[PDB]
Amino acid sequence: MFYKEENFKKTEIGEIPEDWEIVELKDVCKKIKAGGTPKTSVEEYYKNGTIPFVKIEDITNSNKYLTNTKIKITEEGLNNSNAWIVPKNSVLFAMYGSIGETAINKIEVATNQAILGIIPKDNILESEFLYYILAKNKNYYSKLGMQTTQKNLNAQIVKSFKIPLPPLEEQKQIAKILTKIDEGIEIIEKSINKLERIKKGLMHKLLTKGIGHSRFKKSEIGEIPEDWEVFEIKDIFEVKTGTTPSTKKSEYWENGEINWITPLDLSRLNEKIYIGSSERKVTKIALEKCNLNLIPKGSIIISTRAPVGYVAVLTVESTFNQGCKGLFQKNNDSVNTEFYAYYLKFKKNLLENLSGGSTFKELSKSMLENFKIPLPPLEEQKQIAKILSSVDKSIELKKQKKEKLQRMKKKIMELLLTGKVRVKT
């Protein structure tokens, strides 16, 4: 069950419930000492080590539990330094570098003077509970300089940390809940990373070998399907240029309703393929007076200045500044813009070099025009683009599921670690 009512409560290190007892980390832990670094100049201290030596890095590169070590140390190195074999299921706390970064070592390890080996008193304080506690106040802990005297964290300072100490049974309960949440977030995060890997492989595969082919040939753009041809952007698209109507005239921006896309609007896309709105808009007067190029919906827009290589497909007609270039197809019956938007993202590094051919990176109109591209049959272009865009969508739905779970953890974590909700026992 879940204790709904909060009843009355104390108030020392914050609103704490009756049962809770604000205790000092040192009073509930049987050992809070820092590690040490054996004379790195001595080979006999590391030469074929058996004791995993933990550094600030090892903790940061660990997800809650520490099970791997980058470097090792032997008995001699150990005995000839301030490092000590920390018992399993303990809690490591980084005092320098990554202030607040905590973890639970699953294997006996040693640490340098940066990491702090902490051992909770048996049946007095759970390591699991301690982990989630030091995590909730991780940001608050790291903040120990902007206050007055900038100081990282001393072994004596951490020992004086005032943390809430609920019944041993509740500590296991609360920690079990947060542990389940964390595992969920881990499962989703693993599918996201794998799907992003598949997506990357699909980009290379599909855009070079297409789909459904068994015959290929050489070409100016490498091995490609036999049914595919090669051309230049100029051959299939018309390249349009943009401009920025004087900022001195309101007649150009006041209540603007025509999109005016800048490379900044594109960078904010976050890999999204479609763009249907711009931060700042221009008016019909600006369009005719400044003779801006208006490209229809379905056109391709790409940044040629500043962050070069950002590409999108317009969902609504729009104009754009000199920081971009537009691509309009000769006939919208032999080309799918989404496919080419993807092809261009795929060749971002290539476009980046063409422009970086000097100071002030700019992708000239000739550069874009002469850029070589594949020309698959319209139908295959739709197929390859449906696949790429459907996977991109899947990745996004997953990231959104992770986000809601991470927010939910942040919520529940706030309620359980305090006097709000509790477990039945």
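Position 1 is the first residue in the sequence shown; the rest follow in order.
Stretches 89-97 and 217-225 differ in mean C-alpha B factor, with the higher average recorded for 89-97. Stretch comparison (47-55 versus 390-398) by mean CA B-factor in the PDB entry places 47-55 on top. Of the residues listed, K272, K176, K248, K297, the entry assigns the biggest Cα temperature factor to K248. Between the residues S142, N349, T262, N259, it is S142 that shows the highest Cα B-factor in the PDB record. In the deposited entry, the Cα temperature factor of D333 places it in the middle third of its chain's modelled residues. When the CA B factors of the chain's modelled residues are split into thirds, the value for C290 lands in the middle one. Annotation for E126: C-alpha temperature factor in the middle third relative to the rest of the modelled chain, per the entry. In the deposited entry, the Cα temperature factor of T37 sits in the top third of values across the chain's modelled residues. Per-chain ranking of the deposited C-alpha B factor places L363 in the middle third.
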